[PDB]
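In what follows, one protein chain appears twice in different forms, each by itself as structure tokens: structure 1 and structure 2.
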Structure 1
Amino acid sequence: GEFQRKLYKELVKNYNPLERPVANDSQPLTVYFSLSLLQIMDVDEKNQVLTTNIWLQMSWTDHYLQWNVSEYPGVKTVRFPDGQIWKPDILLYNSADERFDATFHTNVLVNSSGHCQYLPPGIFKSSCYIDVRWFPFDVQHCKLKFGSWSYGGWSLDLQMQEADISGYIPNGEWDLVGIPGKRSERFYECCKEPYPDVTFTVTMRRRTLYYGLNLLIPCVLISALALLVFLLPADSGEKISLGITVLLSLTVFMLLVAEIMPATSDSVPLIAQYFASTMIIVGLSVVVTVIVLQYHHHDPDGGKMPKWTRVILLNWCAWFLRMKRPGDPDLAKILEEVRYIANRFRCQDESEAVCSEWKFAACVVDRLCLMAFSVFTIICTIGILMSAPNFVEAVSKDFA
């Protein structure tokens, strides 16, 4: 209308977008900076980058953009695009975007008394340190640092307002704990003037149902299956096959898991410890299987069983496991022939008795190692899983 056109013509008269709009040049300009979190788009553990969708909030008073509503009866607010009025140069310090500024420039809404509002949206990429020590039961704190680039503390007085999470849309992987803020002043090597900044810290908890169902349970099941090599009889040549195939599958699982993790050397991750323990156990099982097979296929003429191993294996472990322990000239010529045949048969029987003793010793060793390996696997798995903090509360919140 006529009043709106006249007001727009009058307001921009003699207006300089380069000038800080303060009545007194010696006084700082107060700007209220806040934030409005809308969504956590992505958390990149490998690249250490957090992607969020937020709305920035800025507010200040303009001394020159004031008018009397009586003279312009219908006009209450005006809007100015980029490059026509003064705006703060507030940037995100720890940006990880190929172009530093990610905000989308929009209009600035103005009171009839000079109050200005500026709420630019955008997709913000920031570089925050991600700790994988307790993965997948980890809680991450990622910081967002904002502040004016070229305005010091004597010119632009930055103030903080609490972040808004009313329109937050929950994520299926991360659980938001809170987003507190802090305002502080710092000194830089450039200049002798303090530069205030506002830092917002996003605290998020990882939901562990997916990882527990897709990584931890299959590893437990395969490790338990690797213990079946101690129930197979040695007469079936299928023990090394079982052990080695299980080991190969677990190595594949290590590779799949490590393809998603950062190559940091700060600490050893919990899942890395778990995989190392499982693989060491499986390798020891393969070694024990080799020893048991060596005992089973023992040549009777190779050598007598040592007294110590014989007594311990055939008495103490047998008692402990309640093992069952098995166990005219023509006439003379024919006589010596049948005597030779009978003696040969008796020697064969003695050799088979020795072989049976060796096989029983192998079975006893195998059963003992089964018990020991099962106990060790259970203890190691439980201890490694329970070592992590907030594991119990993660289980309670996710599964129960």
Structure 2
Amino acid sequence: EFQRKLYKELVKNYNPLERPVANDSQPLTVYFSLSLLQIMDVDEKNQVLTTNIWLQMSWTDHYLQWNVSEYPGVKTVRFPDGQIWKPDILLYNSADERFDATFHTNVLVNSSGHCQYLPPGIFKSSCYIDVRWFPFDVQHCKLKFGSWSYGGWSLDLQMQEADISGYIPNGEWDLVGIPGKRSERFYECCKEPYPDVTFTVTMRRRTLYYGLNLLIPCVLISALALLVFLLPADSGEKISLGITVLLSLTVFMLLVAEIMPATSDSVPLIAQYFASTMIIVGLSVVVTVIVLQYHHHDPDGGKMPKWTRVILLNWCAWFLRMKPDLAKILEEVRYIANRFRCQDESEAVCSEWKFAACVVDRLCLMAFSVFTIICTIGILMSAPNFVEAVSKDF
């Protein structure tokens, strides 16, 4: 009975186009806040952040006021979209096809005219995502809210601290914070401020998943490529081992491609690491070909250069701590024996070439081991957030 009377009375002559101030010259203060419930996606290709957010607006409607003594029991009223004035606060940097992502809920008012509007939404905002340090990258995404058409002398936008009590932690992104700031922009024409409220979402990429799917597989496959330098040449499998390791890295690249960013503004950190690892596997195959050249050197070819015999068989090999009828029968038998002696000399020459091959495998083992470790440590620790990341995620 009383709310029937009240609802009839409140909408008599009410115009939802009218900003509800007693004095049209005075501004209408609107309190704007938000509540972040979820980070949904960070699209680095489309440069868009998707978030679950409940916006919180509050103001005072001069017309929706009543004496609670004349309508006992009726402390609040609800108005659906389009029936009363609402602040036209929109996300300026919206990247949604609808532009307005909010679900228009009812406006709750109490007897004194204080209106509360709690529109939920799944927002999509344009955010520049810098993947230079991927996967140890920290992103700062702005959410800029403001009145589409009212200036600061008509709509006095005020900010309140964002609520994160209901935030559901993301599995891929760590929320550093959601700080907010009120700013005013001025047009050179006029002296009216134009206010906006910007919330800067700072979020850190969790790196455990990437540690086990990109960093480790690349270290361990790189190690198996170094194993070629320990395989004896007589096996006849050095090329098989090395070339098949390279193939495994190509097949690996397929898995890596689904999670690596596709940009041309910079070479990500992990792209420098993956490329580095594959040049070292490629160069190990190249060094293996040279080693086989030495091992299979034809004994009747070119005599071991003097420099080859010094730089390898002496210096490097030390540093590495390696180390009538009767007369006719005589002629026939002297030929057989001399043939065998020539074979022995040829085999001795081949043994020197084979030992040189061994020495080059140990030099390359040592050099490639050092070079892989230096690149791995240097590339990963060049990230400013490496230490913090590993400490928090591992």
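Think of the rigid core as the biggest set of C-alphas that the two forms share within 1.5 Å after superposition. Residue numbering: structure 1 sequence, from 1.
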Considering only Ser36, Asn47, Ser374, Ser351, single out the residue whose C-alpha is displaced by at least 2 Å between structures 1 and 2 after superposing the rigid core. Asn47
Checking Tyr295 here: with the core superposed, does its CA move 2 Å or more between structures 1 and 2? no
Please determine whether the C-alpha atom of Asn107 is displaced by 2 Å or more between structures 1 and 2 following superposition on the rigid core. no
Would you tell me if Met254 moves between structures 1 and 2 by 2 Å or more at its C-alpha, with the rigid core held superposed? yes
Cα shift between structures 1 and 2 at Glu185, which is computed once both forms share a superposed rigid core (Å): 2.2
Once the two forms are fitted on their core, CA shift of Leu242 between structures 1 and 2 in Å: 1.3
